[PDB]
Amino acid sequence: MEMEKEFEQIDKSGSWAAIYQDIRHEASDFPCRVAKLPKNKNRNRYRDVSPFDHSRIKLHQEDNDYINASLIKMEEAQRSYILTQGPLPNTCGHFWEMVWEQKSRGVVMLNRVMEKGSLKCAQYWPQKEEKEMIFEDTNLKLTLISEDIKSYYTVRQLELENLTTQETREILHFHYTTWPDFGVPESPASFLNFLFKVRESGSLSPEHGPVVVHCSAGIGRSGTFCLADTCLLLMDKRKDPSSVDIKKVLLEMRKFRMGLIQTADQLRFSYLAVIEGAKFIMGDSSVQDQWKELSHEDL
Ligand SMILES: COC(=O)c1c(O)cccc1OCCCCCNC(=O)[C@H](Cc1ccc([C@@H]2CC(=O)NS2(=O)=O)c(Cl)c1)NS(=O)(=O)c1ccccc1
Ligand SMILES: [Mg+2]
């Protein structure tokens, strides 16, 4: 596998840092004028993490259509993802408004509301069935219907309702609770077990709008998740799966949102996730159960 041969030589050379910084040096840069307007300062969690104007998600409101979110459209892979920062106390309504308007079916969360004593994202969904949420400024109601808590991730069924029309939709929430900030998953097994749970739910079907992926900034962990998923998509689609260049796929993704993949080890982890995942794509009908055992989700 050319992919694992390259992985092999990078490990031997000890050159992950240089490979990573090369991608950073070659990354696209586009303007983020809207995100930088004075009236949008309180809508961004980090001053140095903004969506490019050309790919930003526009809320349908006439007041202010701004939300720190980007549409990453991977053309050859044929999959679209919406990457956004962890909502802020004042942008939780906007966040659900975007989920509603874009017709998303699933939300992938890769961070925790509090990590190492610091708030990283607002509690934008109800933790208790009997305590539903109302986003006044948005005309939306959100209710927790049930949740399946595993050892390192949790899947939740939420009901989002447009109070105006009374239409309701089921939204699936895939929450990875043990992915350290600026770090990597415990193992490729645990990552892939989770990813294939999102795939198998139908949430990523082209019949729905783009799945919404976020972590705290929407670029480190979210970038890793999307990079691995897109490469696997491409390996299953090409006549020569060994042709997938992860570095080129990341650069293509970075055209839609800045800073995807935040450390050289998150890039190395992506190689491992893709290499391990290729086995299922190429046949292995036992790898999935192996990933399950290895990830000890029923701990
Ligand atoms: C590494 O940098 C890049 O890849 C990159 C690029 O190439 C082009 C454009 C942007 C880029 O990143 C932006 C972040 C660069 C890293 C430094 N930035 C940050 O930590 C933060 C932004 C930030 C970035 C990443 C994360 C998290 C890292 C992760 O694994 N997942 S995540 O929730 O996206 C979080 Cl929770 C926060 N901003 S700051 O506190 O106001 C701050 C400003 C200046 C110096 C220090 C801190
Ligand atoms: Mg209860």
# chains A, B, ... in the order shown; residues from 1 in each chain; ligands from 1
$ residues_around --residues "residue 275 in chain A" --least-positions-apart "5" --cutoff "10 Å" --atoms "only C-alpha atoms" --output "JSON, numbers by chain"
{"A": [1, 3, 4, 7, 188, 228, 231, 232, 269, 270, 280]}
$ write_last_selection --atoms "N, CA and C atoms" --output "CSV table (one decimal), in the first residue's frame"
chain,number,residue,atom,x,y,z
A,1,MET,N,0.9,-1.2,0.0
A,1,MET,CA,0.0,0.0,0.0
A,1,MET,C,0.9,1.2,0.0
A,3,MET,N,0.2,4.2,0.6
A,3,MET,CA,-0.1,5.0,1.7
A,3,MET,C,0.7,4.5,2.9
A,4,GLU,N,0.7,3.2,3.2
A,4,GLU,CA,1.5,2.8,4.3
A,4,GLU,C,3.0,2.7,4.0
A,7,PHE,N,3.8,6.3,4.9
A,7,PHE,CA,3.7,6.4,6.4
A,7,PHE,C,5.1,5.8,6.9
A,188,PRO,N,-6.7,3.8,16.5
A,188,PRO,CA,-7.5,4.0,15.3
A,188,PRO,C,-8.8,3.2,15.4
A,228,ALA,N,-10.1,11.8,7.6
A,228,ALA,CA,-10.2,10.3,7.5
A,228,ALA,C,-11.4,9.8,6.8
A,231,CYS,N,-10.9,10.4,2.9
A,231,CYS,CA,-10.0,9.5,2.3
A,231,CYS,C,-10.5,8.1,2.1
A,232,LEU,N,-11.2,7.6,3.1
A,232,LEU,CA,-11.8,6.2,3.0
A,232,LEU,C,-12.9,6.2,1.9
A,269,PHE,N,-2.0,10.5,12.9
A,269,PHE,CA,-3.1,9.7,13.3
A,269,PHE,C,-4.1,9.4,12.1
A,270,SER,N,-4.3,10.4,11.3
A,270,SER,CA,-5.2,10.3,10.1
A,270,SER,C,-4.7,9.2,9.2
A,280,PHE,N,-11.4,-2.7,5.9
A,280,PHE,CA,-12.8,-2.9,5.8
A,280,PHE,C,-13.3,-2.6,4.4
$ residues_near_ligand --ligand "ligand 1" --cutoff "6 Å" --atoms "only C-alpha atoms and all ligand atoms" --output "number ranges by chain"
A: 24, 46-49, 181-183, 215-221, 258-259, 262
$ atom_distance --atom1 "CA of residue 15 in chain A" --atom2 "CA of residue 194 in chain A"
29.0 Å
$ closest_residue --among "A:69, A:173, A:125, A:77" --to "residue 149 in chain A" --atoms "only C-alpha atoms"
A:173
$ residues_near_ligand --ligand "ligand 2" --cutoff "10 Å" --atoms "only C-alpha atoms and all ligand atoms" --output "PDB file with N, CA and C atoms, in the first residue's frame"
ATOM      1  N   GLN A 127     -29.872  18.016  28.417  1.00  0.00           N
ATOM      2  CA  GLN A 127     -29.305  16.827  29.038  1.00  0.00           C
ATOM      3  C   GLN A 127     -30.403  15.973  29.674  1.00  0.00           C
ATOM      4  N   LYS A 128     -31.599  16.534  29.833  1.00  0.00           N
ATOM      5  CA  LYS A 128     -32.697  15.796  30.453  1.00  0.00           C
ATOM      6  C   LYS A 128     -33.985  15.882  29.663  1.00  0.00           C
ATOM      7  N   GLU A 129     -34.582  14.713  29.450  1.00  0.00           N
ATOM      8  CA  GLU A 129     -35.840  14.569  28.734  1.00  0.00           C
ATOM      9  C   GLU A 129     -36.883  15.612  29.134  1.00  0.00           C
ATOM     10  N   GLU A 130     -37.093  15.771  30.447  1.00  0.00           N
ATOM     11  CA  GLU A 130     -38.090  16.693  31.009  1.00  0.00           C
ATOM     12  C   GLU A 130     -37.725  18.190  30.999  1.00  0.00           C
ATOM     13  N   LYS A 131     -36.502  18.508  30.588  1.00  0.00           N
ATOM     14  CA  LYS A 131     -36.023  19.894  30.526  1.00  0.00           C
ATOM     15  C   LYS A 131     -35.667  20.241  29.079  1.00  0.00           C
TER      16      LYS A 131
END
$ residues_around --residues "residue 50 in chain A" --least-positions-apart "3" --cutoff "7 Å" --atoms "only C-alpha atoms" --output "list in words"
residues 32, 35 and 68 of chain A
$ select_by_dssp --residues "range 199-284 of chain A" --states "strand (DSSP E)" --output "number ranges by chain"
A: 211-214
$ write_last_selection --atoms "N, CA and C atoms" --output "short mmCIF file (atom, residue, chain, number, x, y, z; two decimals), in the first residue's frame"
data_model
loop_
_atom_site.label_atom_id
_atom_site.label_comp_id
_atom_site.auth_asym_id
_atom_site.auth_seq_id
_atom_site.Cartn_x
_atom_site.Cartn_y
_atom_site.Cartn_z
N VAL A 211 -23.74 16.76 7.17
CA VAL A 211 -23.63 16.44 8.58
C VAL A 211 -22.87 17.63 9.18
N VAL A 212 -23.23 18.00 10.41
CA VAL A 212 -22.58 19.10 11.09
C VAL A 212 -21.54 18.53 12.07
N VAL A 213 -20.28 18.87 11.84
CA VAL A 213 -19.18 18.41 12.67
C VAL A 213 -18.57 19.58 13.45
N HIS A 214 -18.39 19.41 14.76
CA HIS A 214 -17.73 20.46 15.51
C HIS A 214 -16.93 19.87 16.69
#
$ select_by_dssp --residues "range 174-207 of chain A" --states "alpha helix (DSSP H)" --output "JSON, numbers by chain"
{"A": [188, 189, 190, 191, 192, 193, 194, 195, 196, 197, 198, 199, 200]}
$ write_last_selection --atoms "N, CA, C and O atoms" --output "mmCIF file, in the first residue's frame"
data_model
loop_
_atom_site.group_PDB
_atom_site.id
_atom_site.type_symbol
_atom_site.label_atom_id
_atom_site.label_comp_id
_atom_site.auth_asym_id
_atom_site.auth_seq_id
_atom_site.Cartn_x
_atom_site.Cartn_y
_atom_site.Cartn_z
ATOM 1 N N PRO A 188 -6.737 3.840 16.541
ATOM 2 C CA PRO A 188 -7.502 3.981 15.302
ATOM 3 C C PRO A 188 -8.807 3.192 15.450
ATOM 4 O O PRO A 188 -9.846 3.588 14.919
ATOM 5 N N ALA A 189 -8.740 2.072 16.171
ATOM 6 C CA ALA A 189 -9.907 1.218 16.404
ATOM 7 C C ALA A 189 -11.055 2.015 17.008
ATOM 8 O O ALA A 189 -12.176 1.986 16.499
ATOM 9 N N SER A 190 -10.777 2.745 18.082
ATOM 10 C CA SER A 190 -11.828 3.519 18.709
ATOM 11 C C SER A 190 -12.368 4.617 17.777
ATOM 12 O O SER A 190 -13.569 4.883 17.755
ATOM 13 N N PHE A 191 -11.496 5.226 16.984
ATOM 14 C CA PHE A 191 -11.929 6.266 16.046
ATOM 15 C C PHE A 191 -12.855 5.710 14.962
ATOM 16 O O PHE A 191 -13.942 6.248 14.717
ATOM 17 N N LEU A 192 -12.406 4.643 14.306
ATOM 18 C CA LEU A 192 -13.164 4.014 13.229
ATOM 19 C C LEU A 192 -14.469 3.383 13.701
ATOM 20 O O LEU A 192 -15.471 3.392 12.973
ATOM 21 N N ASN A 193 -14.467 2.821 14.911
ATOM 22 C CA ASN A 193 -15.683 2.221 15.443
ATOM 23 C C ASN A 193 -16.746 3.319 15.502
ATOM 24 O O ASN A 193 -17.894 3.124 15.080
ATOM 25 N N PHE A 194 -16.340 4.478 16.008
ATOM 26 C CA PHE A 194 -17.209 5.644 16.110
ATOM 27 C C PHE A 194 -17.644 6.126 14.726
ATOM 28 O O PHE A 194 -18.837 6.310 14.480
ATOM 29 N N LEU A 195 -16.682 6.326 13.824
ATOM 30 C CA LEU A 195 -16.983 6.820 12.481
ATOM 31 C C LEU A 195 -17.988 5.942 11.742
ATOM 32 O O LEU A 195 -18.936 6.445 11.110
ATOM 33 N N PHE A 196 -17.795 4.631 11.810
ATOM 34 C CA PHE A 196 -18.720 3.752 11.119
ATOM 35 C C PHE A 196 -20.105 3.684 11.750
ATOM 36 O O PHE A 196 -21.055 3.226 11.116
ATOM 37 N N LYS A 197 -20.214 4.177 12.986
ATOM 38 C CA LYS A 197 -21.480 4.249 13.708
ATOM 39 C C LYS A 197 -22.262 5.438 13.099
ATOM 40 O O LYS A 197 -23.482 5.384 12.937
ATOM 41 N N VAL A 198 -21.536 6.506 12.759
ATOM 42 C CA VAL A 198 -22.126 7.680 12.134
ATOM 43 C C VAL A 198 -22.566 7.300 10.712
ATOM 44 O O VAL A 198 -23.695 7.592 10.299
ATOM 45 N N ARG A 199 -21.681 6.632 9.972
ATOM 46 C CA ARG A 199 -22.007 6.193 8.611
ATOM 47 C C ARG A 199 -23.252 5.293 8.590
ATOM 48 O O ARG A 199 -24.204 5.546 7.835
ATOM 49 N N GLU A 200 -23.235 4.248 9.422
ATOM 50 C CA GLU A 200 -24.335 3.278 9.507
ATOM 51 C C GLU A 200 -25.681 3.850 9.926
ATOM 52 O O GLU A 200 -26.696 3.227 9.704
#
$ closest_residue --among "A:140, A:88, A:155, A:171" --to "residue 106 in chain A" --atoms "only C-alpha atoms"
A:171
$ closest_residue --among "A:234, A:249, A:113, A:83" --to "residue 175 in chain A" --atoms "only C-alpha atoms"
A:113
$ closest_residue --among "A:61, A:44, A:101, A:93" --to "residue 209 in chain A" --atoms "only C-alpha atoms"
A:101
$ closest_residue --among "A:80, A:74, A:250, A:298" --to "residue 208 in chain A" --atoms "only C-alpha atoms"
A:80
$ closest_residue --among "A:266, A:91, A:201, A:168" --to "residue 143 in chain A" --atoms "only C-alpha atoms"
A:168
$ residues_around --residues "residue 166 in chain A" --least-positions-apart "3" --cutoff "12 Å" --atoms "only C-alpha atoms" --output "list in words"
residues 139, 140, 141, 159, 160, 161, 162, 163 and 169 of chain A
$ residues_around --residues "residue 70 in chain A" --least-positions-apart "4" --cutoff "6 Å" --atoms "only C-alpha atoms" --output "ChimeraX atom specification"
/A:51,55-57,82-83
$ write_last_selection --atoms "N, CA and C atoms" --output "PDB file, in the first residue's frame"
ATOM      1  N   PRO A  51     -14.334  31.541   9.442  1.00  0.00           N
ATOM      2  CA  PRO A  51     -14.723  30.877   8.191  1.00  0.00           C
ATOM      3  C   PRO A  51     -14.411  31.808   7.006  1.00  0.00           C
ATOM      4  N   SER A  55     -16.997  30.159   1.552  1.00  0.00           N
ATOM      5  CA  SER A  55     -17.598  28.903   1.970  1.00  0.00           C
ATOM      6  C   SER A  55     -18.410  28.976   3.253  1.00  0.00           C
ATOM      7  N   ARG A  56     -18.553  30.164   3.840  1.00  0.00           N
ATOM      8  CA  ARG A  56     -19.310  30.247   5.087  1.00  0.00           C
ATOM      9  C   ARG A  56     -20.775  29.894   4.926  1.00  0.00           C
ATOM     10  N   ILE A  57     -21.350  29.356   5.998  1.00  0.00           N
ATOM     11  CA  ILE A  57     -22.756  28.992   6.010  1.00  0.00           C
ATOM     12  C   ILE A  57     -23.532  30.251   6.372  1.00  0.00           C
ATOM     13  N   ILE A  82     -20.411  20.178   7.270  1.00  0.00           N
ATOM     14  CA  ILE A  82     -20.430  21.537   7.774  1.00  0.00           C
ATOM     15  C   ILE A  82     -19.558  21.506   9.025  1.00  0.00           C
ATOM     16  N   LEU A  83     -18.449  22.240   9.005  1.00  0.00           N
ATOM     17  CA  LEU A  83     -17.580  22.308  10.180  1.00  0.00           C
ATOM     18  C   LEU A  83     -17.828  23.642  10.873  1.00  0.00           C
TER      19      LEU A  83
END
$ residues_around --residues "range 62-66 of chain A" --least-positions-apart "3" --cutoff "8 Å" --atoms "only C-alpha atoms" --output "ChimeraX atom specification"
/A:34-35,40,43,57-59
$ write_last_selection --atoms "C-alpha atoms" --output "mmCIF file, in the first residue's frame"
data_model
loop_
_atom_site.group_PDB
_atom_site.id
_atom_site.type_symbol
_atom_site.label_atom_id
_atom_site.label_comp_id
_atom_site.auth_asym_id
_atom_site.auth_seq_id
_atom_site.Cartn_x
_atom_site.Cartn_y
_atom_site.Cartn_z
ATOM 1 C CA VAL A 34 -17.791 38.980 7.296
ATOM 2 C CA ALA A 35 -16.454 37.028 10.258
ATOM 3 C CA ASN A 40 -19.755 39.622 14.630
ATOM 4 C CA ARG A 43 -20.272 35.318 17.398
ATOM 5 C CA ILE A 57 -22.756 28.992 6.010
ATOM 6 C CA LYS A 58 -25.336 31.772 5.829
ATOM 7 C CA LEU A 59 -28.234 31.745 8.285
#
$ residues_around --residues "residue 16 in chain A" --least-positions-apart "5" --cutoff "9 Å" --atoms "only C-alpha atoms" --output "ChimeraX atom specification"
/A:10-11,21,264-265,267-268
$ write_last_selection --atoms "N, CA and C atoms" --output "mmCIF file, in the first residue's frame"
data_model
loop_
_atom_site.group_PDB
_atom_site.id
_atom_site.type_symbol
_atom_site.label_atom_id
_atom_site.label_comp_id
_atom_site.auth_asym_id
_atom_site.auth_seq_id
_atom_site.Cartn_x
_atom_site.Cartn_y
_atom_site.Cartn_z
ATOM 1 N N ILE A 10 8.052 8.141 6.468
ATOM 2 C CA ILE A 10 7.980 9.357 7.277
ATOM 3 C C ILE A 10 8.387 9.018 8.713
ATOM 4 N N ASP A 11 7.870 7.902 9.222
ATOM 5 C CA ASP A 11 8.204 7.445 10.564
ATOM 6 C C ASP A 11 9.717 7.221 10.656
ATOM 7 N N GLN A 21 4.182 21.016 8.448
ATOM 8 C CA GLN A 21 4.410 22.440 8.215
ATOM 9 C C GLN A 21 4.414 22.759 6.716
ATOM 10 N N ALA A 264 1.081 17.915 14.040
ATOM 11 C CA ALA A 264 1.648 16.902 13.155
ATOM 12 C C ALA A 264 1.202 15.475 13.528
ATOM 13 N N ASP A 265 0.907 15.244 14.804
ATOM 14 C CA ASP A 265 0.459 13.920 15.253
ATOM 15 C C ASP A 265 -1.005 13.667 14.886
ATOM 16 N N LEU A 267 -2.087 14.553 12.083
ATOM 17 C CA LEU A 267 -1.904 14.168 10.673
ATOM 18 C C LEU A 267 -1.436 12.713 10.624
ATOM 19 N N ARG A 268 -0.483 12.365 11.480
ATOM 20 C CA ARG A 268 -0.022 10.983 11.524
ATOM 21 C C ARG A 268 -1.212 10.094 11.922
#
$ atom_distance --atom1 "CA of residue 179 in chain A" --atom2 "CA of residue 244 in chain A"
25.8 Å
$ atom_distance --atom1 "CA of residue 277 in chain A" --atom2 "CA of residue 227 in chain A"
12.5 Å
